[PDB]
Amino acid sequence: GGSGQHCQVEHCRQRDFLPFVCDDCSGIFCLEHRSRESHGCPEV
Ligand SMILES: [Zn+2]
Ligand SMILES: [Zn+2]
């Protein structure tokens, strides 16, 4: 929207994404990124 929230994973793209933050991991996460498991969520 305005440089407010961006996927923690630097590898992620710049294009718009799904603003999904992890309860345990404050870092921003995407809906698709989950399937990739690039972040390695503790509850995933
Ligand atoms: Zn992402
Ligand atoms: Zn997480």
# chains A, B, ... in the order shown; residues from 1 in each chain; ligands from 1
$ select_by_dssp --residues "chain A" --states "strand (DSSP E or B)" --output "list in words"
residues 7, 20, 21, 28 and 29 of chain A
$ residues_near_ligand --ligand "ligand 2" --cutoff "9 Å" --atoms "only C-alpha atoms and all ligand atoms" --output "list in words"
residues 21, 22, 23, 24, 25, 26, 27, 28, 29, 34, 39, 40, 41, 42, 43 and 44 of chain A
$ write_last_selection --atoms "N, CA, C and O atoms" --output "CSV table (one decimal), in the first residue's frame"
chain,number,residue,atom,x,y,z
A,21,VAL,N,0.8,-12.0,8.7
A,21,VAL,CA,1.8,-12.0,9.7
A,21,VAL,C,1.6,-13.2,10.6
A,21,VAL,O,0.5,-13.7,10.9
A,22,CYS,N,2.7,-13.8,11.1
A,22,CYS,CA,2.7,-15.0,12.0
A,22,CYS,C,2.5,-14.5,13.4
A,22,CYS,O,3.3,-13.6,13.9
A,23,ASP,N,1.6,-15.1,14.1
A,23,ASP,CA,1.4,-14.8,15.5
A,23,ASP,C,2.7,-14.8,16.3
A,23,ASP,O,3.0,-13.9,17.1
A,24,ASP,N,3.5,-15.9,16.1
A,24,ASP,CA,4.8,-16.0,16.8
A,24,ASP,C,5.9,-15.2,16.1
A,24,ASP,O,6.7,-14.6,16.7
A,25,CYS,N,5.8,-15.2,14.7
A,25,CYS,CA,6.8,-14.5,13.9
A,25,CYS,C,6.2,-13.1,13.4
A,25,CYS,O,5.4,-13.1,12.5
A,26,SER,N,6.6,-12.0,14.1
A,26,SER,CA,6.1,-10.7,13.7
A,26,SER,C,6.4,-10.5,12.2
A,26,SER,O,5.6,-9.8,11.5
A,27,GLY,N,7.5,-11.1,11.7
A,27,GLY,CA,7.8,-10.9,10.3
A,27,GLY,C,6.6,-11.1,9.3
A,27,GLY,O,5.9,-12.1,9.5
A,28,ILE,N,6.4,-10.3,8.3
A,28,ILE,CA,5.4,-10.4,7.4
A,28,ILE,C,5.5,-11.7,6.6
A,28,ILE,O,6.6,-12.2,6.3
A,29,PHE,N,4.4,-12.3,6.2
A,29,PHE,CA,4.4,-13.5,5.4
A,29,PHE,C,3.2,-13.5,4.4
A,29,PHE,O,2.2,-12.9,4.6
A,34,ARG,N,3.7,-19.7,2.2
A,34,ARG,CA,3.6,-20.8,3.2
A,34,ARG,C,3.8,-22.2,2.5
A,34,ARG,O,4.6,-23.0,3.0
A,39,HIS,N,10.2,-19.6,4.8
A,39,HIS,CA,10.4,-18.9,6.1
A,39,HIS,C,10.6,-20.0,7.2
A,39,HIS,O,11.4,-19.7,8.2
A,40,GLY,N,10.0,-21.1,7.1
A,40,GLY,CA,10.1,-22.2,8.1
A,40,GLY,C,9.4,-21.9,9.3
A,40,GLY,O,9.9,-22.0,10.4
A,41,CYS,N,8.1,-21.5,9.2
A,41,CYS,CA,7.3,-21.2,10.4
A,41,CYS,C,7.3,-22.3,11.4
A,41,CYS,O,7.4,-23.5,11.1
A,42,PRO,N,7.3,-22.0,12.7
A,42,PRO,CA,7.4,-22.9,13.8
A,42,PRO,C,6.1,-23.8,13.9
A,42,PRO,O,6.2,-24.9,14.3
A,43,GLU,N,5.0,-23.2,13.5
A,43,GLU,CA,3.7,-23.9,13.6
A,43,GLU,C,3.3,-24.3,12.2
A,43,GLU,O,2.1,-24.3,11.9
A,44,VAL,N,4.2,-24.7,11.4
A,44,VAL,CA,3.9,-25.1,10.0
A,44,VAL,C,4.9,-26.2,9.5
A,44,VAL,O,6.1,-25.9,9.3
$ select_by_dssp --residues "stretch 3-39 of chain A" --states "helix (DSSP H, G or I)" --output "PDB file with N, CA, C and O atoms, in the first residue's frame"
ATOM      1  N   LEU A  31       0.494 -15.708   1.670  1.00  0.00           N
ATOM      2  CA  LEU A  31      -0.357 -16.892   1.683  1.00  0.00           C
ATOM      3  C   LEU A  31       0.277 -18.027   0.886  1.00  0.00           C
ATOM      4  O   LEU A  31       0.212 -19.189   1.284  1.00  0.00           O
ATOM      5  N   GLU A  32       0.892 -17.680  -0.241  1.00  0.00           N
ATOM      6  CA  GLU A  32       1.539 -18.671  -1.092  1.00  0.00           C
ATOM      7  C   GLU A  32       2.895 -19.077  -0.521  1.00  0.00           C
ATOM      8  O   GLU A  32       3.289 -20.242  -0.594  1.00  0.00           O
ATOM      9  N   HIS A  33       3.606 -18.108   0.047  1.00  0.00           N
ATOM     10  CA  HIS A  33       4.918 -18.363   0.631  1.00  0.00           C
ATOM     11  C   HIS A  33       4.867 -19.559   1.577  1.00  0.00           C
ATOM     12  O   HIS A  33       5.836 -20.308   1.698  1.00  0.00           O
ATOM     13  N   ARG A  34       3.732 -19.730   2.248  1.00  0.00           N
ATOM     14  CA  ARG A  34       3.557 -20.833   3.185  1.00  0.00           C
ATOM     15  C   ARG A  34       3.848 -22.171   2.510  1.00  0.00           C
ATOM     16  O   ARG A  34       4.631 -22.975   3.016  1.00  0.00           O
ATOM     17  N   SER A  35       3.213 -22.401   1.366  1.00  0.00           N
ATOM     18  CA  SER A  35       3.400 -23.643   0.624  1.00  0.00           C
ATOM     19  C   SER A  35       4.876 -23.868   0.306  1.00  0.00           C
ATOM     20  O   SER A  35       5.352 -25.003   0.291  1.00  0.00           O
ATOM     21  N   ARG A  36       5.592 -22.778   0.052  1.00  0.00           N
ATOM     22  CA  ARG A  36       7.012 -22.855  -0.268  1.00  0.00           C
ATOM     23  C   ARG A  36       7.829 -23.226   0.968  1.00  0.00           C
ATOM     24  O   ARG A  36       8.832 -23.932   0.871  1.00  0.00           O
TER      25      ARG A  36
END
$ closest_atom_pairs --of "chain A" --to "ligand 1" --cutoff "7 Å" --atoms "only C-alpha atoms and all ligand atoms" --output "Markdown table"
| residue | atom | partner | partner_atom_place_in_ligand_line | distance |
| --- | --- | --- | --- | --- |
| A:7 | CA | ligand 1 | 1 (Zn) | 4.5 |
| A:8 | CA | ligand 1 | 1 (Zn) | 6.8 |
| A:9 | CA | ligand 1 | 1 (Zn) | 5.7 |
| A:12 | CA | ligand 1 | 1 (Zn) | 4.6 |
| A:13 | CA | ligand 1 | 1 (Zn) | 6.9 |
| A:17 | CA | ligand 1 | 1 (Zn) | 6.9 |
| A:29 | CA | ligand 1 | 1 (Zn) | 5.2 |
| A:30 | CA | ligand 1 | 1 (Zn) | 4.5 |
| A:33 | CA | ligand 1 | 1 (Zn) | 5.0 |
